[PDB]
Amino acid sequence: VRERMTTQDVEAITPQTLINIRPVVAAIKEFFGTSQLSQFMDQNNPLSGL
DNA sequence: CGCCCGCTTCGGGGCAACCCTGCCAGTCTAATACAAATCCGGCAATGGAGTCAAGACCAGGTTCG
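Residues numbered from 1 in each chain as written, not as in the entry; some residues may be left out. Chains lettered and ligands numbered in written order. Part of a larger assembly, values for the part shown. Heavy atoms only, no water.

Its PDB header attributes the entry to cryo-EM and lists the resolution as 3.59 Å.

Here is the structure:
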């Protein structure tokens, strides 16, 4: 945003223009997939799930 | 008078069980203009490769006077 806000022209930008949500959605997806904490949920009885 | 030999402190790299069991990671002026390379799609130089059909012939078991 601060790389974009200074560079582009004033009285033409809008919050849709300044905001790139792609790092946010990529960050959540790379947490949920591919982290050592978001585990494949082990269930072969209810107790192992619990 | 000024000047360097042992602690001493600090950096700084190496290593710390063996089988299984997994399975694929990213973004910001945007375009023209052109020349050469190269692909590629299609007739025509063939030209050689394959193919049919007839035939030449020996002779070798097989048929006849």
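All right, on to the overall build of chain A then. A count of helical and extended segments in chain A gives four helices and zero strands. Radius of gyration (C-alpha) of chain A: 20 Å, far over the 10 Å computed for a compact globule of 50 residues. Projected onto its principal axes, the C-alpha positions of chain A cover 60 × 15 × 10 Å. Taken as a whole, chain A presents about 5100 Å² of accessible surface, with 60% of it coming from carbon and sulfur. Across chain A, the centroid of the 4 positively charged side chains sits 3 Å from that of the 5 negatively charged ones. (Helix = DSSP H or I, 4+ residues; strand = E, 2+ residues; numbered from the N terminus. Rg over C-alpha atoms; globule rule 2.2 N^0.38 Å. Areas by Shrake-Rupley, 256 points an atom, 1.4 Å probe, with all protein chains shown as cover. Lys, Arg positive; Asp, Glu negative; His and termini not counted. Charge placed at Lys NZ, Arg CZ, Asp CG, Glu CD.)

The backbone phi angle of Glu11 is positive, close to 60°, even though this residue is not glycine. Following the sequence through the fold, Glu11 ends up in the loop between α1 (2-7) and α2 (15-18). For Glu11, a relative accessible area of 83% translates into the label exposed. The phi angle at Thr34 is positive, at roughly 60°, despite the residue not being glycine. In this structure, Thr34 sits in the loop between α3 (22-32) and α4 (46-49). Overall, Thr34 belongs to the exposed group, its relative accessible area being 70%. (Buried < 20%, exposed > 50% of the residue type's maximum accessible area, 1.4 Å probe, protein only.)

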